[PDB]
Every structure is written in C-alpha cells, then in structure tokens.
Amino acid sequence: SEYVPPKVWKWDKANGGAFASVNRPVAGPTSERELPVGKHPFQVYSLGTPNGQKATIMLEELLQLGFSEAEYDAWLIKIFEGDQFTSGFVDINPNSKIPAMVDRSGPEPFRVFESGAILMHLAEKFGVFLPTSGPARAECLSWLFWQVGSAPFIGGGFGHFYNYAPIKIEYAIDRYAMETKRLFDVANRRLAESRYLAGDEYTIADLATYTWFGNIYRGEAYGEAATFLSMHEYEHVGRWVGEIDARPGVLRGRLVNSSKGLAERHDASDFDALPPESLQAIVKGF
C-alpha cells in the first residue's frame, strides 16, 4: 500500500546511494583540520566533476591569456570521503560543496564559494569572459544563473535517480529525464540561432553550461544517459560542445583533480606527468 509520511520527518534511514556515507540533514564540520595552502594567488579546493571543472578551466583560460595572477593551487577534496566537512573546508564554504576557493591575490585572503560566484569573481577581476556593462552583460548573467539554477535537476535529480539511487523509481526518473531533455532543448533552440549562449562569443555562461552538457552529451556522465536521453537530437549543442572542446584552457582545466588526469595542480609543469596526448584532445572520464 502507499507510503504515508509521518507527522515529523526523522533521519531513520540512509539516503543517497553511494552518497549515503556523507548525506545528512545537518550541516557543519565533523573534524578539525586546516586546509593546505600553496604559493599561488588562488587556492582552489575541488574535485574534477563538472562543477570543479568550471573553476579549473576558468583559471586555465586566464593563464592562456597571460594573466599570471590567475596562477593557482588546486587541492583534492574527495567528496565521497567527507573531506568537504573538515573545519578548514567548512570555513571556506559553509555549504560543504566543491568547488570552493580562497583569493590570496591581495593583502587579505577571502573565500569565494559556489562555482557561479567563482566564475563571476574571476571574470570581473580580469575583465574577460563577461561583458563589463551594457545589455550583453544582462544576457550573460541570465544564462549563467540559468545554468546554476537548472543543474540541480540534471545532477541532483536525473543523475541521482538514474545512476545512484539504490532502487529505480519510474516517476522520479521520468520527472528528471524529462526536465533534463527540456533544458537541453532550451540550449539547442538557442544555439540554432546563436553561436554561444549569451551572444556571439564564449563567456562564463558557456563554460558553466558546457562542463555539464558536454560531459553528458559525449557519453561520459551517468552510465548510459546519452543513449537514454537521445543526445543525438541536440545537434546544435553538439556543435557548440565541439567548438569549446578545442580550447586549450578547456583541455588543460578538465584534467585537474581528475582520475583521468592530475590529482592536484601546483604548477604549470605538473601536466608533464600525463601522456602528452591528454593535453591535445578530450579524455572521457571513467
């Protein structure tokens, strides 16, 4: 018979599949441990998921343009193991999610958390990948906030119910597969008539959406999702993914804090530990 929710919700059962070892109804630190700090002006604490890739790609894009103040240390945070709940991590992101960073480029350090805030902070600092004024700024912000507000349906809904939940729940898989397809259709309809999401040039709105959409579209995210969701239908998404795939900052940034690349980045020469081909073409994750 049908489940009847209690009057008062209680945390009486594991939830999250593999993530049941970390998912809780309360926030805060579970151990006292300071974060490591390197020599570079930006300190990033992350994992090479689509959200971590936004941050490390952005920094590599800035280095591609010659901005030495974008040099960074990218320290590995293993989210299945609860590294996001150390006191040091909670102090830089009260929400205990990656990516989070400390801007140590000025006289006093300060935290920046949330991938969208990291992208906007870096774009504003260096004056690139985000129009500084005018209608084009509003268009870019609209698409960036769209990405941030919609990825929860893609990863927290579809990815979870399709690939991590311990039981396959038809209503939930249908809900979030449908919504993920709708979001791809929004992008596809836009990219039919515009080279990039917020205009004719690559911006942070593209980078933010690309990490998620490219990983799903090319077949590397959530099991058989690309077949399940009929990714072939989104040919304009495919074109735009292909354009962005070719950018050197994307090729480098995708490899940071990645099981297919570097565990950590502490200097530009660190990439010489990888096969050189990894810097020249997309490497799909496991």
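A residue's number is simply how far along the shown sequence it sits, counting from 1.
- For the pair 99-107 and 120-128, the mean B factor over Cα atoms is greater in 99-107.
- Taking the PDB entry as given, 254-262 carries the higher mean Cα B factor of the two stretches 254-262 and 50-58.
- Among the modelled residues of the chain, residue 184 sits in the lowest third by CA temperature factor in this PDB entry.
- Sort the modelled residues of the chain by CA B factor and residue 37 lands in the highest third.
- When all modelled residues of the chain are sorted by CA temperature factor, residue 217 is found within the lowest third.
- Split the chain's modelled residues into thirds by C-alpha temperature factor. Residue 140 is in the lowest one.
- Ranked by Cα temperature factor within the chain, residue 44 sits in the lowest third according to the deposited record.
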